[PDB]
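Colleague: Before I ask anything, let me first share the structure, which is written out below as structure tokens.
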Amino acid sequence: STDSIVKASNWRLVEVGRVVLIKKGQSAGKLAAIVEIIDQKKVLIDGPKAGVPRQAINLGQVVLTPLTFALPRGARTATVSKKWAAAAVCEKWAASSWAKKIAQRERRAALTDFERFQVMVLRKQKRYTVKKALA
Amino acid sequence: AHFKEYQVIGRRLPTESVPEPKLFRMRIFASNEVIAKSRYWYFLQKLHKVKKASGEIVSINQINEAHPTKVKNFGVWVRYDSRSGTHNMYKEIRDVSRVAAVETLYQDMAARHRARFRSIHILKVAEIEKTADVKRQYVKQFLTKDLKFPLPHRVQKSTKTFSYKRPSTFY
Amino acid sequence: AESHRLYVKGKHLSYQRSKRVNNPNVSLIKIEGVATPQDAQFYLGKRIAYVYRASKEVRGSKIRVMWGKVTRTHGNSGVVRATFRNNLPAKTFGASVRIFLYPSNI
Amino acid sequence: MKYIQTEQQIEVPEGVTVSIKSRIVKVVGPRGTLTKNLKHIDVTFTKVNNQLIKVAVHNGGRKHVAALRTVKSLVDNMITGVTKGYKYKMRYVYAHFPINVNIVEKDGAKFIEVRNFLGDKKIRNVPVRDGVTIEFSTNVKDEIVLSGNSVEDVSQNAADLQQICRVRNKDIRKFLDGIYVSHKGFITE
Amino acid sequence: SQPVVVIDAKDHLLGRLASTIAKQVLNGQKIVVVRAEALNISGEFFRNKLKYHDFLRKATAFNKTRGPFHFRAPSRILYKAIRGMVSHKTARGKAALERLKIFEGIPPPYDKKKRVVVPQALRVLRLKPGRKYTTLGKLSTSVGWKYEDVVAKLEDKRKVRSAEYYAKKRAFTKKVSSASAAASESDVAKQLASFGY
RNA sequence: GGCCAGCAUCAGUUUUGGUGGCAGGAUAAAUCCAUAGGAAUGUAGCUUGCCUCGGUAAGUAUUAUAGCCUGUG
RNA sequence: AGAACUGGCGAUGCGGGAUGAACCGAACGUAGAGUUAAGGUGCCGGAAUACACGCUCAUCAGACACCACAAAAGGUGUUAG
RNA sequence: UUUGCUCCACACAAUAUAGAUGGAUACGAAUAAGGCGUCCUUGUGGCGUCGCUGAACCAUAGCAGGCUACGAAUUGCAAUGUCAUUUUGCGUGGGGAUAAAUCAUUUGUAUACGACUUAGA
């Protein structure tokens, strides 16, 4: 019959191969990947290319990104690096709107007064065109 | 606490009648050498005729884990004293290290039985090798194939007290 | 053009105190944006002014100033301590002082 | 122990459409439609086929996974109601005084009225629910037939009769009168 | 940082909001809680009603016009909760509570203004999903507040008049976004994006 | 000529950060590298009802078109 | 009601226990800076709506020992064994 | 007896601040769900996109901020280096408005006294 409309939610579910973003710790902001599952609350991760060590971390210090890839349960560091390089994760991440906003925050924080002034004069010119255009 | 594992060798003090007595060994969980050496003389003084004064400690060595980046199923045989009577228990844990399994065993024991460190004796810790001797469901439910699950209700932390948009719990 | 200021606004919360006892020699300042003792360590030594009004014009002004400085931090949420020449009057609990940047280390 | 995943399956028949959004279920079928608001239970419905629907609960505790099967049974009743209907049969029983039963339409909604309940003079009136269709037997004369889609209303309007036609300040071992449910079937089957 | 702070009290927890307030309004912020009838409080309705009845039980025997004045409205319930967190028997506390204004519904001066949210008091974040909570409107109406059916007739009106404003502003927003997107490729903007902007 | 401030260089008491070198441990353990053995939450591959190039399944198979574990060094 | 040992109050303020002659910490010249005790850090109230593993939903929950009350007997209510 | 009163314009004089000196920047409902854009067979629709903090958005250069459309130095190495915001009085000039209450007397639907209720050119 007519398609039974059923929608509730589609999650970033935790599983092997999932990429995570660490938000608190020595390795915050640096990416990693889940290898296997310790328990309901915590997991272990390994980010070799990002410089992360093989850890065992709670799920409060991480964030589950959408992107993911496929690797076997319990994989080792050299295997993880291989599969990461294969699936090209650090380019699929940088292309997101999330990562663009992160880099934007970092840039905006790393700015100096001269550049802050440059931005003011660059925005004056921009809204000048926009406000000549929208009337 | 932040536990550690120690290897304590001890020796009743030598005499002319027996100037090479028997070395007894214990593999103890504790936060530091001091209380490790205290617990050694607590357990040895339950089994053999010796004390700190009538004995000495030969070697005390930290045991680090061989494969701390490996998930393991630690079976644990323990005994604890309750308010009325003394009992034994077996519990399985799924942590990567012996010491971490102990750290989370003391905790959930104190939760579910209100038993303190001063009541518990850890008899045996065994890394189970195969996924067929596990008998506890709260472990077996993580030994499934293609295990995946979500975290439905997310709560973002806040450094500011006033926020100008209702939050979303979507993950 | 609309802004001319070179200070950071903060609030005079209270005096240093125990429970049931206070030390008016020392006052507590909440600075804006600060949330930790680290990142408040920047504001140490910085001068503070409480600017108020009075009806008797002295030296050609109705506004009057009480100066002081920031001495050290407070526990885990970006509060600091201050010590003025003449301690503050306790009706300023919840009043805006202004922290300058005059002794600088940038 | 908090579980990981606990699921149930629901077999949707043909010609029955199950529109779900924000736990507001809406089942449409040949007989009618039925809506339900399950916004007090934390549950995920996910469709796999037009032929069946999966419902799921995570992290459990023998409370959520207890209410999950309840939700399953509710939806199954909702689906069999719009197809096979529900048909309740309630029989009269009197020792001496015949229970004169009739239907009426007061200023407001329709009501069902009964008289001579043990030689009384009180006129016991009950409001028919908004969904039921209530009729009297024809192969026999001492039977009332409730019918509808919502069993949750049909059985309730049945129980209202059995509650108002109760015996008071007498012994119930002896005094057996009123209206009593005999059968709880479906319309077609 | 704002001079005045307007707080939507919908899906907020009572004490967890009132502590935040009672500190901010003592530190010197003028705070305006609004839409207090939709506040929430943990625990079940019958439980909260029992507690309110235990509060009503307490009245000065020899003259009950001296004692605990049992205010039945939600604004005044929250005021009680805050006043218990404040030293109202002093000038500090009195001045502080003069910096507060609580309302049921959203009146004119605060309907055309921006409302904020305290996240360390929100039910959806603090409470476990599945726990029972309680609504202050239903509670007050159960204990003798006679103006629930009025703020409702006013809030839907406010909402209609607000949704039309949004319906206009959304079209203006898409027009401005389509006018500004025609300059994003320009050297004035790809020179800004080198600075994050 | 003195009183009130500011700065610098110093002294005493103290607090808070950044950072370098060296030693010890199972001369850390691990990771990583080579090798032997083995297994399954069983990978290619092989018999497999159709069906998406063996999708499915239940058997086979111990690295093969994924990998893992243990030990040794 | 009557004794033993030590400690204290009485003769003794101070921080804490909301309050208290006796409890905990600690014994006092006048002041400054620093650090701590016992106790505490949602707000009143100076200080983390800090971190972590778990239990509990109570139609008179529970919450700083002395302390200001609670038993026997029961509950497939739940958790673990 | 416009000697008096009211509001407006400014010349201001005085007093007090529970304390801004860039902006209080507007949908609603759900959170085991939503927003935004678009297409249509306008539905609890299809597709796409977003969130993971407002760390945003807007405004923002110019003698405390100018003349045209040159000057700012010697406040001399820092000392609020004043513009806010109500109230009040006075004067200038522009209009506008022309009363009640209480006591005393009286009533008794009232009453310890006050008070209440009534009547009186």
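By convention here, the chains of the structure tokens are called A, B, ... in the order presented, each chain's residues are numbered starting at 1, and ligands are numbered starting at 1 in the order presented.
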Give me the residues within 6 Å of stretch 30-46 of chain G as a list in words, counting only C-alpha atoms (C1' of nucleotides) and dropping any in the same chain fewer than 6 places off.
Modeller: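 Contacts, with the query itself left out: residues 17 and 18 of chain C; 19, 85 and 86 of chain E; 14 of chain F; 16 and 24 of chain G.
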Colleague: Those same residues - C-alpha atoms (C1' of nucleotides) - I'd like them written as a PDB file, in the first residue's frame.
Modeller:
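Written out: out_24.pdb:
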ATOM      1  CA  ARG C  17      35.042  36.081  54.282  1.00  0.00           C
ATOM      2  CA  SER C  18      34.570  32.955  56.187  1.00  0.00           C
TER       3      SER C  18
ATOM      4  CA  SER E  19      19.937  29.509  42.240  1.00  0.00           C
ATOM      5  CA  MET E  85      17.976  31.618  48.353  1.00  0.00           C
ATOM      6  CA  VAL E  86      18.303  35.320  49.180  1.00  0.00           C
TER       7      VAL E  86
ATOM      8  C1'   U F  14      55.755  33.834  49.040  1.00  0.00           C
TER       9        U F  14
ATOM     10  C1'   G G  16      33.736  23.792  62.823  1.00  0.00           C
ATOM     11  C1'   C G  24      36.320  17.598  66.277  1.00  0.00           C
TER      12        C G  24
END
Colleague: Applying 12 Å and only C-alpha atoms (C1' of nucleotides), which residues near stretch 124-136 of chain D remain after dropping the ones on its own chain fewer than 4 positions away? List them as a VMD selection string.
Modeller: chain D and resid 32 to 34 81 85 to 92 99 to 106 108 to 117 120 140 to 166 178 187
Colleague: Stretch 16-89 of chain C: which residues are strand (DSSP E or B) by DSSP, as a PyMOL selection string?
Modeller: chain C and resi 16-17+22-31+47-53+63-73+79-84
Colleague: Residues near residue B:133, anyone? I mean within 10 Å using only C-alpha atoms (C1' of nucleotides), not counting same-chain ones fewer than 4 positions away, as a CSV table (one decimal) with N, CA, C and O atoms, in the first residue's frame.
Modeller:
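In the end it all went to out04.csv:
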chain,number,residue,atom,x,y,z
B,75,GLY,N,38.1,-12.5,34.7
B,75,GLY,CA,37.3,-13.2,35.7
B,75,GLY,C,38.0,-13.0,37.1
B,75,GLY,O,39.3,-12.9,37.1
B,128,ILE,N,40.6,-14.5,30.9
B,128,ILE,CA,39.9,-15.6,30.2
B,128,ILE,C,40.3,-15.5,28.7
B,128,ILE,O,40.3,-14.4,28.1
B,129,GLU,N,40.6,-16.6,28.1
B,129,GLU,CA,41.2,-16.7,26.8
B,129,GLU,C,40.2,-16.8,25.7
B,129,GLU,O,40.4,-16.2,24.6
Colleague: Residues of chain E within 10 Å of chain G, counting only C-alpha atoms (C1' of nucleotides) - could you list those as a PyMOL selection string?
Modeller: chain E and resi 15-23+43-44+46-47+49-50+81-88+120-121+131-132
Colleague: Would you put the residues from that selection into a file with N, CA, C and O atoms, as an mmCIF file, in the first residue's frame?
Modeller:
data_model
loop_
_atom_site.group_PDB
_atom_site.id
_atom_site.type_symbol
_atom_site.label_atom_id
_atom_site.label_comp_id
_atom_site.auth_asym_id
_atom_site.auth_seq_id
_atom_site.Cartn_x
_atom_site.Cartn_y
_atom_site.Cartn_z
ATOM 1 N N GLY E 15 14.443 25.053 41.240
ATOM 2 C CA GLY E 15 15.531 25.446 42.099
ATOM 3 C C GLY E 15 16.802 25.667 41.334
ATOM 4 O O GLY E 15 17.607 26.540 41.666
ATOM 5 N N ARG E 16 16.986 24.875 40.296
ATOM 6 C CA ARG E 16 18.171 24.979 39.476
ATOM 7 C C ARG E 16 18.192 26.254 38.667
ATOM 8 O O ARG E 16 19.271 26.736 38.311
ATOM 9 N N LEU E 17 17.027 26.820 38.394
ATOM 10 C CA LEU E 17 16.957 28.137 37.789
ATOM 11 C C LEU E 17 17.108 29.228 38.828
ATOM 12 O O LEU E 17 17.808 30.223 38.606
ATOM 13 N N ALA E 18 16.434 29.056 39.950
ATOM 14 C CA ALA E 18 16.403 30.065 40.982
ATOM 15 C C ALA E 18 17.757 30.302 41.616
ATOM 16 O O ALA E 18 18.039 31.419 42.042
ATOM 17 N N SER E 19 18.602 29.285 41.716
ATOM 18 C CA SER E 19 19.937 29.509 42.240
ATOM 19 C C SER E 19 20.757 30.376 41.311
ATOM 20 O O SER E 19 21.422 31.323 41.755
ATOM 21 N N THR E 20 20.710 30.064 40.024
ATOM 22 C CA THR E 20 21.384 30.859 39.021
ATOM 23 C C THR E 20 20.938 32.302 39.078
ATOM 24 O O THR E 20 21.768 33.221 39.109
ATOM 25 N N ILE E 21 19.633 32.508 39.136
ATOM 26 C CA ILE E 21 19.089 33.844 39.284
ATOM 27 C C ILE E 21 19.614 34.497 40.545
ATOM 28 O O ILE E 21 20.354 35.477 40.483
ATOM 29 N N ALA E 22 19.293 33.929 41.695
ATOM 30 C CA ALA E 22 19.636 34.466 42.992
ATOM 31 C C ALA E 22 21.093 34.810 43.151
ATOM 32 O O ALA E 22 21.418 35.625 44.013
ATOM 33 N N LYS E 23 21.968 34.202 42.371
ATOM 34 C CA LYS E 23 23.341 34.656 42.328
ATOM 35 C C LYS E 23 23.529 35.823 41.377
ATOM 36 O O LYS E 23 24.246 36.770 41.700
ATOM 37 N N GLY E 43 9.669 15.162 40.025
ATOM 38 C CA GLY E 43 8.743 14.388 40.806
ATOM 39 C C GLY E 43 7.324 14.499 40.290
ATOM 40 O O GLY E 43 6.976 15.379 39.508
ATOM 41 N N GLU E 44 6.496 13.576 40.752
ATOM 42 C CA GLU E 44 5.161 13.451 40.226
ATOM 43 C C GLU E 44 4.229 14.500 40.815
ATOM 44 O O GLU E 44 4.485 15.120 41.855
ATOM 45 N N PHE E 46 1.157 14.286 42.134
ATOM 46 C CA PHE E 46 0.565 14.029 43.438
ATOM 47 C C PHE E 46 1.563 14.291 44.550
ATOM 48 O O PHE E 46 1.191 14.785 45.617
ATOM 49 N N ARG E 47 2.836 14.033 44.292
ATOM 50 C CA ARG E 47 3.862 14.264 45.291
ATOM 51 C C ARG E 47 4.039 15.747 45.543
ATOM 52 O O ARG E 47 4.021 16.200 46.695
ATOM 53 N N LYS E 49 1.884 18.021 44.975
ATOM 54 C CA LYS E 49 0.663 18.522 45.577
ATOM 55 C C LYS E 49 0.619 18.224 47.063
ATOM 56 O O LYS E 49 0.165 19.061 47.847
ATOM 57 N N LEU E 50 1.063 17.039 47.466
ATOM 58 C CA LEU E 50 1.207 16.739 48.882
ATOM 59 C C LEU E 50 2.133 17.713 49.575
ATOM 60 O O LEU E 50 1.838 18.159 50.686
ATOM 61 N N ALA E 81 10.864 30.490 46.065
ATOM 62 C CA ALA E 81 12.080 29.712 45.929
ATOM 63 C C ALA E 81 13.317 30.584 45.861
ATOM 64 O O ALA E 81 14.370 30.208 46.378
ATOM 65 N N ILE E 82 13.225 31.736 45.211
ATOM 66 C CA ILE E 82 14.369 32.628 45.115
ATOM 67 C C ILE E 82 14.601 33.344 46.432
ATOM 68 O O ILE E 82 15.737 33.472 46.905
ATOM 69 N N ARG E 83 13.539 33.849 47.026
ATOM 70 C CA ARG E 83 13.626 34.539 48.289
ATOM 71 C C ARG E 83 14.193 33.660 49.383
ATOM 72 O O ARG E 83 14.803 34.173 50.322
ATOM 73 N N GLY E 84 13.994 32.359 49.288
ATOM 74 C CA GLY E 84 14.666 31.436 50.166
ATOM 75 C C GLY E 84 16.134 31.288 49.919
ATOM 76 O O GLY E 84 16.869 30.887 50.822
ATOM 77 N N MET E 85 16.573 31.589 48.709
ATOM 78 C CA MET E 85 17.976 31.618 48.353
ATOM 79 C C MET E 85 18.611 32.972 48.582
ATOM 80 O O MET E 85 19.797 33.135 48.309
ATOM 81 N N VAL E 86 17.833 33.956 48.997
ATOM 82 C CA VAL E 86 18.303 35.320 49.180
ATOM 83 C C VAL E 86 18.052 35.744 50.620
ATOM 84 O O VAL E 86 17.111 35.268 51.261
ATOM 85 N N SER E 87 18.915 36.620 51.134
ATOM 86 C CA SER E 87 18.779 37.209 52.463
ATOM 87 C C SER E 87 17.865 38.421 52.391
ATOM 88 O O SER E 87 18.282 39.573 52.488
ATOM 89 N N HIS E 88 16.586 38.140 52.241
ATOM 90 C CA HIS E 88 15.581 39.160 52.026
ATOM 91 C C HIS E 88 15.321 40.032 53.239
ATOM 92 O O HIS E 88 14.638 41.052 53.107
ATOM 93 N N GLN E 120 21.851 24.894 32.512
ATOM 94 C CA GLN E 120 22.062 24.121 33.723
ATOM 95 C C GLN E 120 20.821 24.035 34.585
ATOM 96 O O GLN E 120 20.930 23.730 35.774
ATOM 97 N N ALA E 121 19.653 24.290 34.008
ATOM 98 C CA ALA E 121 18.374 24.116 34.663
ATOM 99 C C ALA E 121 17.354 23.430 33.772
ATOM 100 O O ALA E 121 16.226 23.202 34.211
ATOM 101 N N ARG E 131 11.849 9.740 33.677
ATOM 102 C CA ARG E 131 11.413 10.207 34.976
ATOM 103 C C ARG E 131 10.181 11.077 34.827
ATOM 104 O O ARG E 131 9.976 11.742 33.810
ATOM 105 N N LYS E 132 9.357 11.067 35.860
ATOM 106 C CA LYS E 132 8.156 11.866 35.891
ATOM 107 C C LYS E 132 8.481 13.260 36.383
ATOM 108 O O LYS E 132 9.238 13.431 37.340
#
Colleague: So which residues of chain B fall under helix (DSSP H, G or I) by DSSP, listed as an NGL selection string?
Modeller: :B and (33-47 or 98-113 or 117-119 or 137-140)
Colleague: Can you pull out the residues contacting residue A:33? Cut-off 6 Å, using only C-alpha atoms (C1' of nucleotides), and skip same-chain residues under 4 positions away; I want them as a count of residues only.
Modeller: 7
Colleague: Could you list, as a VMD selection string, every residue within 12 Å of stretch 182-195 of chain E, counting only C-alpha atoms (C1' of nucleotides) and ignoring same-chain residues fewer than 6 positions away?
Modeller: (chain A and resid 100 to 101 103 to 134) or (chain E and resid 175 to 176)
Colleague: Atoms to include: C-alpha atoms. Write the selected residues as a PDB file, in the first residue's frame.
Modeller:
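The file below, result.pdb, is the result:
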ATOM      1  CA  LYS A 100      35.788  24.711   8.353  1.00  0.00           C
ATOM      2  CA  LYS A 101      34.185  26.330  11.376  1.00  0.00           C
ATOM      3  CA  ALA A 103      39.619  26.302  11.515  1.00  0.00           C
ATOM      4  CA  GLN A 104      37.728  29.570  11.352  1.00  0.00           C
ATOM      5  CA  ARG A 105      37.633  29.755  15.147  1.00  0.00           C
ATOM      6  CA  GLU A 106      41.342  28.990  15.336  1.00  0.00           C
ATOM      7  CA  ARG A 107      42.184  31.637  12.753  1.00  0.00           C
ATOM      8  CA  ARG A 108      39.952  34.263  14.363  1.00  0.00           C
ATOM      9  CA  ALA A 109      41.673  33.541  17.660  1.00  0.00           C
ATOM     10  CA  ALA A 110      45.153  33.662  16.151  1.00  0.00           C
ATOM     11  CA  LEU A 111      44.621  37.108  14.660  1.00  0.00           C
ATOM     12  CA  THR A 112      46.364  40.308  15.652  1.00  0.00           C
ATOM     13  CA  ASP A 113      45.155  43.881  15.834  1.00  0.00           C
ATOM     14  CA  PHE A 114      46.301  44.861  12.367  1.00  0.00           C
ATOM     15  CA  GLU A 115      44.392  41.993  10.808  1.00  0.00           C
ATOM     16  CA  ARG A 116      41.388  42.787  12.984  1.00  0.00           C
ATOM     17  CA  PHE A 117      41.488  46.281  11.477  1.00  0.00           C
ATOM     18  CA  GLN A 118      41.903  44.899   7.977  1.00  0.00           C
ATOM     19  CA  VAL A 119      38.764  42.879   8.559  1.00  0.00           C
ATOM     20  CA  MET A 120      36.811  45.967   9.568  1.00  0.00           C
ATOM     21  CA  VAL A 121      37.770  47.828   6.418  1.00  0.00           C
ATOM     22  CA  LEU A 122      37.162  44.730   4.290  1.00  0.00           C
ATOM     23  CA  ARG A 123      33.671  44.364   5.750  1.00  0.00           C
ATOM     24  CA  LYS A 124      32.851  48.026   5.210  1.00  0.00           C
ATOM     25  CA  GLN A 125      33.533  47.567   1.499  1.00  0.00           C
ATOM     26  CA  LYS A 126      31.477  44.375   1.407  1.00  0.00           C
ATOM     27  CA  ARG A 127      28.358  45.732   3.052  1.00  0.00           C
ATOM     28  CA  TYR A 128      28.767  48.814   0.854  1.00  0.00           C
ATOM     29  CA  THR A 129      28.174  46.709  -2.252  1.00  0.00           C
ATOM     30  CA  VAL A 130      25.492  44.619  -0.543  1.00  0.00           C
ATOM     31  CA  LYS A 131      23.559  47.697   0.645  1.00  0.00           C
ATOM     32  CA  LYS A 132      23.863  49.383  -2.732  1.00  0.00           C
ATOM     33  CA  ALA A 133      22.550  46.131  -4.227  1.00  0.00           C
ATOM     34  CA  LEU A 134      19.542  45.358  -1.993  1.00  0.00           C
TER      35      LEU A 134
ATOM     36  CA  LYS E 175      16.408  37.803   0.181  1.00  0.00           C
ATOM     37  CA  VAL E 176      19.377  39.234   2.083  1.00  0.00           C
TER      38      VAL E 176
END
Colleague: Can you tell me, as a list in words, what residues are no more than 12 Å from residue B:43 when counting only C-alpha atoms (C1' of nucleotides), ignoring any on the same chain fewer than 2 positions away?
Modeller: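 My reading of the contact set: residues 8, 10, 24, 25, 26, 27, 28, 36, 37, 38, 39, 40, 41, 45, 46, 47, 48, 49, 50, 51, 52, 121, 122 and 123 of chain B.
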Colleague: List every residue of chain B that has an atom at most 10 Å from any atom of chain E, and for each one report the closest atom pair and its distance in Å to one decimal, counting only C-alpha atoms, with rows sorted by chain and then by increasing residue number, as a Markdown table.
Modeller:
| residue | atom | partner | partner_atom | distance |
| --- | --- | --- | --- | --- |
| B:153 | CA | E:129 | CA | 8.2 |
| B:154 | CA | E:125 | CA | 7.9 |
| B:155 | CA | E:125 | CA | 5.8 |
| B:156 | CA | E:125 | CA | 8.4 |
| B:157 | CA | E:119 | CA | 8.7 |
| B:158 | CA | E:119 | CA | 7.5 |
| B:160 | CA | E:119 | CA | 8.9 |
| B:161 | CA | E:118 | CA | 5.9 |
| B:162 | CA | E:118 | CA | 5.1 |
| B:163 | CA | E:117 | CA | 5.1 |
| B:164 | CA | E:116 | CA | 4.7 |
| B:165 | CA | E:117 | CA | 6.9 |
| B:166 | CA | E:117 | CA | 6.9 |
| B:167 | CA | E:119 | CA | 8.1 |
| B:168 | CA | E:124 | CA | 9.3 |
| B:169 | CA | E:125 | CA | 8.6 |
Colleague: Identify all chain F residues at most 12 Å from chain C by counting only C-alpha atoms (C1' of nucleotides); ligands do not count. Present them as a ChimeraX atom specification.
Modeller: /F:4-7,14-17
Colleague: Would you write out those residues with N, CA and C atoms (P, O5', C5', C4', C3', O3' and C1' of nucleotides), as a PDB file, in the first residue's frame?
Modeller:
ATOM      1  P     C F   4      53.488  59.711  52.802  1.00  0.00           P
ATOM      2  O5'   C F   4      52.622  60.179  51.552  1.00  0.00           O
ATOM      3  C5'   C F   4      51.211  60.308  51.621  1.00  0.00           C
ATOM      4  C4'   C F   4      50.604  60.332  50.241  1.00  0.00           C
ATOM      5  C3'   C F   4      50.945  59.139  49.377  1.00  0.00           C
ATOM      6  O3'   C F   4      50.127  58.027  49.671  1.00  0.00           O
ATOM      7  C1'   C F   4      51.246  61.115  48.124  1.00  0.00           C
ATOM      8  P     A F   5      50.467  56.602  49.036  1.00  0.00           P
ATOM      9  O5'   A F   5      50.168  56.820  47.495  1.00  0.00           O
ATOM     10  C5'   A F   5      50.987  56.194  46.537  1.00  0.00           C
ATOM     11  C4'   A F   5      50.714  56.677  45.143  1.00  0.00           C
ATOM     12  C3'   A F   5      51.487  55.929  44.078  1.00  0.00           C
ATOM     13  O3'   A F   5      50.831  54.746  43.669  1.00  0.00           O
ATOM     14  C1'   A F   5      51.836  58.229  43.806  1.00  0.00           C
ATOM     15  P     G F   6      51.660  53.390  43.474  1.00  0.00           P
ATOM     16  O5'   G F   6      52.384  53.611  42.083  1.00  0.00           O
ATOM     17  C5'   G F   6      51.636  54.069  40.974  1.00  0.00           C
ATOM     18  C4'   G F   6      52.504  54.420  39.800  1.00  0.00           C
ATOM     19  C3'   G F   6      53.670  53.501  39.527  1.00  0.00           C
ATOM     20  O3'   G F   6      53.296  52.300  38.881  1.00  0.00           O
ATOM     21  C1'   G F   6      54.402  55.721  39.419  1.00  0.00           C
ATOM     22  P     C F   7      54.109  50.952  39.182  1.00  0.00           P
ATOM     23  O5'   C F   7      55.499  51.210  38.465  1.00  0.00           O
ATOM     24  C5'   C F   7      55.509  51.519  37.089  1.00  0.00           C
ATOM     25  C4'   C F   7      56.876  51.867  36.571  1.00  0.00           C
ATOM     26  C3'   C F   7      58.009  50.937  36.928  1.00  0.00           C
ATOM     27  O3'   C F   7      58.028  49.752  36.159  1.00  0.00           O
ATOM     28  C1'   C F   7      58.707  53.139  37.273  1.00  0.00           C
ATOM     29  P     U F  14      59.491  31.402  52.191  1.00  0.00           P
ATOM     30  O5'   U F  14      58.291  31.891  51.277  1.00  0.00           O
ATOM     31  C5'   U F  14      56.969  31.784  51.761  1.00  0.00           C
ATOM     32  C4'   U F  14      55.940  32.355  50.821  1.00  0.00           C
ATOM     33  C3'   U F  14      55.623  31.554  49.585  1.00  0.00           C
ATOM     34  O3'   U F  14      54.820  30.422  49.839  1.00  0.00           O
ATOM     35  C1'   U F  14      55.755  33.834  49.040  1.00  0.00           C
ATOM     36  P     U F  15      54.826  29.198  48.807  1.00  0.00           P
ATOM     37  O5'   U F  15      53.963  29.734  47.593  1.00  0.00           O
ATOM     38  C5'   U F  15      52.629  30.117  47.828  1.00  0.00           C
ATOM     39  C4'   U F  15      52.030  30.890  46.683  1.00  0.00           C
ATOM     40  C3'   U F  15      51.969  30.192  45.343  1.00  0.00           C
ATOM     41  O3'   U F  15      50.919  29.251  45.241  1.00  0.00           O
ATOM     42  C1'   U F  15      52.702  32.401  45.045  1.00  0.00           C
ATOM     43  P     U F  16      51.100  27.962  44.307  1.00  0.00           P
ATOM     44  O5'   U F  16      51.120  28.566  42.844  1.00  0.00           O
ATOM     45  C5'   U F  16      50.000  29.285  42.380  1.00  0.00           C
ATOM     46  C4'   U F  16      50.241  29.932  41.040  1.00  0.00           C
ATOM     47  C3'   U F  16      50.700  29.019  39.926  1.00  0.00           C
ATOM     48  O3'   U F  16      49.642  28.276  39.358  1.00  0.00           O
ATOM     49  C1'   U F  16      51.947  31.026  39.894  1.00  0.00           C
ATOM     50  P     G F  17      49.906  26.825  38.729  1.00  0.00           P
ATOM     51  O5'   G F  17      50.306  27.138  37.226  1.00  0.00           O
ATOM     52  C5'   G F  17      51.664  27.106  36.834  1.00  0.00           C
ATOM     53  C4'   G F  17      51.907  27.918  35.589  1.00  0.00           C
ATOM     54  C3'   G F  17      52.859  27.319  34.571  1.00  0.00           C
ATOM     55  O3'   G F  17      52.264  26.350  33.732  1.00  0.00           O
ATOM     56  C1'   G F  17      53.486  29.531  34.974  1.00  0.00           C
TER      57        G F  17
END
Colleague: What's the 10 Å shell around stretch 73-80 of chain A, counting only C-alpha atoms (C1' of nucleotides), without same-chain residues fewer than 2 positions away, as a PyMOL selection string?
Modeller: (chain A and resi 15-17+32-37+44-49+53-54+70-71+82-86) or (chain B and resi 69-71+145-147) or (chain F and resi 31-32+41+67-68)
Colleague: Which residues of chain D are close to chain E, meaning at most 10 Å apart when you count only C-alpha atoms, and how do they look as an mmCIF file with N, CA, C and O atoms, in the first residue's frame?
Modeller:
data_model
loop_
_atom_site.group_PDB
_atom_site.id
_atom_site.type_symbol
_atom_site.label_atom_id
_atom_site.label_comp_id
_atom_site.auth_asym_id
_atom_site.auth_seq_id
_atom_site.Cartn_x
_atom_site.Cartn_y
_atom_site.Cartn_z
ATOM 1 N N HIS D 40 5.152 9.217 26.079
ATOM 2 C CA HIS D 40 5.604 8.943 27.430
ATOM 3 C C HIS D 40 6.568 7.772 27.505
ATOM 4 O O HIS D 40 7.012 7.429 28.606
ATOM 5 N N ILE D 41 6.905 7.159 26.372
ATOM 6 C CA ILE D 41 7.804 6.018 26.313
ATOM 7 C C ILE D 41 8.896 6.339 25.310
ATOM 8 O O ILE D 41 8.619 6.819 24.205
ATOM 9 N N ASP D 42 10.137 6.074 25.699
ATOM 10 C CA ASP D 42 11.291 6.342 24.859
ATOM 11 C C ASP D 42 11.532 5.132 23.975
ATOM 12 O O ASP D 42 12.021 4.098 24.439
ATOM 13 N N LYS D 63 12.446 -2.051 32.585
ATOM 14 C CA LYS D 63 11.318 -1.135 32.624
ATOM 15 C C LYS D 63 10.949 -0.659 31.230
ATOM 16 O O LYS D 63 9.802 -0.811 30.794
ATOM 17 N N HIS D 64 11.934 -0.144 30.497
ATOM 18 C CA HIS D 64 11.692 0.270 29.124
ATOM 19 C C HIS D 64 11.457 -0.946 28.240
ATOM 20 O O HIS D 64 10.535 -0.957 27.414
#
